[PDB]
Amino acid sequence: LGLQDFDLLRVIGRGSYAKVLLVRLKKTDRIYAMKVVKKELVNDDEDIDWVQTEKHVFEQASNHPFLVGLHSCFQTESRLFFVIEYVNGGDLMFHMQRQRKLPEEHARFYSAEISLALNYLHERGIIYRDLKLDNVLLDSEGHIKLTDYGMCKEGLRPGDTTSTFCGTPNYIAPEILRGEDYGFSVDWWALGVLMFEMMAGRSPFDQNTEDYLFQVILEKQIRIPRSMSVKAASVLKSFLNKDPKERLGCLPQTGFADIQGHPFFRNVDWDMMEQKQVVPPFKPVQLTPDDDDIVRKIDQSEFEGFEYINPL
Ligand SMILES: CN(C)CCCn1cc(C2=C(c3c[nH]c4ccccc34)C(=O)NC2=O)c2ccccc21
């Protein structure tokens with residue numbers, strides 16, 4: 001493909017690294033949100049991996065219901081693009097700000113779909129690592145969908161463990177702070193948080209930000225609402241166990257079964273929801289010319305094979 005066959009209908013998201021356009025393929029007339037990264041921003045061997053990994057993941061979320069698909073990938077002298085599956089329900093971040101706290105039930109429905117999403121990921125040797133309220137977008141009529149893959153960890157057999165200190169601070173797992181090696185566990189800690197945020201409307205931790213924050217996370221015994229349910233709390237406790245091992249879903253060869261097993265997920269029929277057979281508790285421009293001054297200075301070499309159209 002190429003910019004040609006597209007109708008750059010709008011800009012829906014502006015970043016330093018990327019711009020997310022709301023484009024439409026003329027041929028199919030269908031819509032996809034395309035991700036635009038200035039090539040001039042991904043220089044050096046440690047940035048092609050940031051891309052190839054986003055690519056390697058996007059080459060997988062296509063197979064899962066709560067994970068954003070990838071239509072195709074093309075470049076230009078000045079940049080790189082991602083024709084991605086499109087979503088329009090918004091990010092729970094917004095939905096939250098417009099409602100404060102969530103009924104334990106609703107909250108449950110979401111946390112479930114995400115685990116399923118996280119589970120598929122893990123099973124495929126992937127560590128999302130960038131889970132946060134504004135990353136979980138809403139399906140046209142409800143179902144969630146994990147987004148952003150610029151912090152995931154590639155191929156990895158269970159038992160393995162990486163150690164890149166990263167992720168959005170408010171959700172960074174305690175073992176990450178301890179600089180100890182880690183795995184799928186950090187993804188459940190994040191979920192634990194995402195869940196606290198939904199039901200409590202608040203965050204579970206609270207000199208200087210990071211400085212201070214990181215200490216809260218590592219010593220501050222989390223305060224659960226005295227309005228909250230027994231089951232509700234329990235899960236939160238389980239997921240926010242500062243011990244990767246003693247943590248829900250973190251137990252090896254049982255993790256997901258554990259999760260599903262937990263009382264908080266008592267009447268939940270996974271195989272049913274995994275198929276979206278459960279009802280959601282809530283139904284929802286030309287680019288700048290190339291600057292030869294810059295472009296002329298690009299390697300273009302470290303840009304082979306970027307192109308790729310999803311056959312499915
Ligand atoms: C706080 N926000 C809105 C963060 C945007 C998170 N995000 C959404 C998306 C996606 C979509 C968006 C759907 N609405 C958007 C508004 C602004 C930016 C992106 C989107 C979409 O339809 N499909 C997506 O994968 C995305 C893609 C790559 C990296 C990050 C992405």
# chains A, B, ... in the order shown; residues from 1 in each chain; ligands from 1
call {"tool": "select_by_dssp", "arguments": {"residues": "range 14-68 of chain A", "states": "strand (DSSP E or B)", "output": "JSON, numbers by chain"}}
result
{"A": [14, 18, 19, 20, 21, 22, 23, 24, 25, 31, 32, 33, 34, 35, 36, 37, 38, 67]}
call {"tool": "write_last_selection", "arguments": {"atoms": "N, CA, C and O atoms", "output": "compact mmCIF listing (two decimals), in the first residue's frame"}}
result
# COMPACT_ATOMS: atom_id res chain seq x y z
N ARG A 14 -2.09 12.99 19.00
CA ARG A 14 -0.78 13.63 18.82
C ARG A 14 0.25 13.32 19.90
O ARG A 14 0.01 13.54 21.09
N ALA A 18 4.76 9.55 17.96
CA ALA A 18 3.78 9.24 16.91
C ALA A 18 2.50 10.05 16.87
O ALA A 18 2.09 10.69 17.85
N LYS A 19 1.86 9.98 15.71
CA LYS A 19 0.59 10.63 15.45
C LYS A 19 -0.36 9.51 15.04
O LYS A 19 0.01 8.61 14.29
N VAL A 20 -1.58 9.53 15.56
CA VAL A 20 -2.52 8.50 15.17
C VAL A 20 -3.64 9.11 14.36
O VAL A 20 -4.51 9.80 14.91
N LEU A 21 -3.59 8.86 13.05
CA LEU A 21 -4.59 9.37 12.13
C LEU A 21 -5.82 8.48 12.07
O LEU A 21 -5.79 7.32 12.47
N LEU A 22 -6.91 9.06 11.60
CA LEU A 22 -8.17 8.35 11.43
C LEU A 22 -8.34 8.31 9.93
O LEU A 22 -8.94 9.19 9.33
N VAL A 23 -7.76 7.27 9.32
CA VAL A 23 -7.77 7.10 7.88
C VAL A 23 -8.69 6.02 7.33
O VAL A 23 -9.11 5.13 8.05
N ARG A 24 -8.98 6.12 6.03
CA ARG A 24 -9.85 5.15 5.36
C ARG A 24 -9.31 4.67 4.01
O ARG A 24 -9.03 5.47 3.12
N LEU A 25 -9.21 3.35 3.87
CA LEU A 25 -8.72 2.77 2.63
C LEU A 25 -9.81 2.96 1.59
O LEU A 25 -10.94 2.53 1.79
N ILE A 31 -12.50 1.55 7.46
CA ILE A 31 -11.67 2.44 8.25
C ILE A 31 -10.67 1.78 9.17
O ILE A 31 -10.91 0.70 9.73
N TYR A 32 -9.53 2.45 9.32
CA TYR A 32 -8.47 2.00 10.20
C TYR A 32 -7.76 3.23 10.74
O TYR A 32 -7.69 4.26 10.07
N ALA A 33 -7.27 3.12 11.96
CA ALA A 33 -6.52 4.21 12.56
C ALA A 33 -5.08 3.91 12.17
O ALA A 33 -4.58 2.83 12.51
N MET A 34 -4.42 4.82 11.46
CA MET A 34 -3.02 4.59 11.08
C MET A 34 -2.06 5.32 12.02
O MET A 34 -2.26 6.48 12.36
N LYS A 35 -1.01 4.62 12.44
CA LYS A 35 -0.02 5.21 13.34
C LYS A 35 1.17 5.72 12.54
O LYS A 35 1.82 4.96 11.83
N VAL A 36 1.45 7.01 12.68
CA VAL A 36 2.53 7.66 11.95
C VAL A 36 3.75 8.10 12.76
O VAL A 36 3.69 9.03 13.57
N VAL A 37 4.87 7.44 12.52
CA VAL A 37 6.10 7.75 13.22
C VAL A 37 7.12 8.35 12.27
O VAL A 37 7.43 7.76 11.23
N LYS A 38 7.65 9.51 12.65
CA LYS A 38 8.67 10.19 11.87
C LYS A 38 9.89 9.28 11.93
O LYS A 38 10.36 8.94 13.02
N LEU A 67 -7.71 -7.59 21.42
CA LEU A 67 -6.44 -7.02 21.01
C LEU A 67 -6.53 -6.45 19.60
O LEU A 67 -7.03 -7.12 18.68
call {"tool": "residues_near_ligand", "arguments": {"ligand": "ligand 1", "cutoff": "10 Å", "atoms": "only C-alpha atoms and all ligand atoms", "output": "number ranges by chain"}}
result
A: 11-15, 17-23, 31-36, 54, 58, 67-70, 82-94, 132-139, 145-150
call {"tool": "residues_around", "arguments": {"residues": "residue 311 in chain A", "least_positions_apart": "4", "cutoff": "12 Å", "atoms": "only C-alpha atoms", "output": "PyMOL selection string"}}
result
chain A and resi 59+62-63+69-72
call {"tool": "residues_around", "arguments": {"residues": "range 102-104 of chain A", "least_positions_apart": "2", "cutoff": "8 Å", "atoms": "only C-alpha atoms", "output": "ChimeraX atom specification"}}
result
/A:96,99-100,106-108,198-201,232
call {"tool": "atom_distance", "arguments": {"atom1": "CA of residue 292 in chain A", "atom2": "CA of residue 50 in chain A"}}
result
25.1 Å
call {"tool": "residues_around", "arguments": {"residues": "residue 127 in chain A", "least_positions_apart": "4", "cutoff": "12 Å", "atoms": "only C-alpha atoms", "output": "ChimeraX atom specification"}}
result
/A:53-54,57,117-123,131,149-158,160-164,166-167,182-188,190
call {"tool": "atom_distance", "arguments": {"atom1": "CA of residue 73 in chain A", "atom2": "CA of residue 309 in chain A"}}
result
6.3 Å
call {"tool": "residues_around", "arguments": {"residues": "residue 224 in chain A", "least_positions_apart": "5", "cutoff": "10 Å", "atoms": "only C-alpha atoms", "output": "PyMOL selection string"}}
result
chain A and resi 196+200+204+229+232-234+236-237
call {"tool": "write_last_selection", "arguments": {"atoms": "N, CA, C and O atoms", "output": "PDB file, in the first residue's frame"}}
result
ATOM      1  N   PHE A 196      -8.153  -1.481  40.902  1.00  0.00           N
ATOM      2  CA  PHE A 196      -8.354  -0.659  42.090  1.00  0.00           C
ATOM      3  C   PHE A 196      -8.916   0.667  41.607  1.00  0.00           C
ATOM      4  O   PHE A 196      -9.904   1.177  42.139  1.00  0.00           O
ATOM      5  N   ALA A 200     -12.326   1.787  43.088  1.00  0.00           N
ATOM      6  CA  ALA A 200     -12.112   2.825  44.096  1.00  0.00           C
ATOM      7  C   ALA A 200     -12.112   4.232  43.502  1.00  0.00           C
ATOM      8  O   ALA A 200     -12.200   5.230  44.232  1.00  0.00           O
ATOM      9  N   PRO A 204      -4.035   3.334  44.156  1.00  0.00           N
ATOM     10  CA  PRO A 204      -3.723   2.691  45.437  1.00  0.00           C
ATOM     11  C   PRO A 204      -2.483   3.189  46.173  1.00  0.00           C
ATOM     12  O   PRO A 204      -2.209   2.757  47.296  1.00  0.00           O
ATOM     13  N   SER A 229     -16.443  -4.872  48.690  1.00  0.00           N
ATOM     14  CA  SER A 229     -16.851  -6.216  49.044  1.00  0.00           C
ATOM     15  C   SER A 229     -15.655  -7.047  49.446  1.00  0.00           C
ATOM     16  O   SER A 229     -14.509  -6.702  49.135  1.00  0.00           O
ATOM     17  N   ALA A 232     -14.184  -8.613  46.242  1.00  0.00           N
ATOM     18  CA  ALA A 232     -13.529  -7.473  45.595  1.00  0.00           C
ATOM     19  C   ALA A 232     -12.134  -7.201  46.159  1.00  0.00           C
ATOM     20  O   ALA A 232     -11.129  -7.203  45.434  1.00  0.00           O
ATOM     21  N   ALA A 233     -12.097  -6.943  47.463  1.00  0.00           N
ATOM     22  CA  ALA A 233     -10.856  -6.675  48.170  1.00  0.00           C
ATOM     23  C   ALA A 233      -9.871  -7.801  47.888  1.00  0.00           C
ATOM     24  O   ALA A 233      -8.828  -7.585  47.279  1.00  0.00           O
ATOM     25  N   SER A 234     -10.228  -9.004  48.324  1.00  0.00           N
ATOM     26  CA  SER A 234      -9.401 -10.188  48.143  1.00  0.00           C
ATOM     27  C   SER A 234      -8.609 -10.178  46.850  1.00  0.00           C
ATOM     28  O   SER A 234      -7.394 -10.342  46.871  1.00  0.00           O
ATOM     29  N   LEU A 236      -7.969  -7.708  44.861  1.00  0.00           N
ATOM     30  CA  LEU A 236      -7.072  -6.575  44.906  1.00  0.00           C
ATOM     31  C   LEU A 236      -5.828  -6.936  45.729  1.00  0.00           C
ATOM     32  O   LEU A 236      -4.686  -6.689  45.302  1.00  0.00           O
ATOM     33  N   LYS A 237      -6.057  -7.546  46.893  1.00  0.00           N
ATOM     34  CA  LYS A 237      -4.979  -8.010  47.762  1.00  0.00           C
ATOM     35  C   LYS A 237      -4.103  -8.995  46.956  1.00  0.00           C
ATOM     36  O   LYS A 237      -2.895  -8.818  46.810  1.00  0.00           O
TER      37      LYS A 237
END
call {"tool": "atom_distance", "arguments": {"atom1": "CA of residue 277 in chain A", "atom2": "CA of residue 262 in chain A"}}
result
20.9 Å
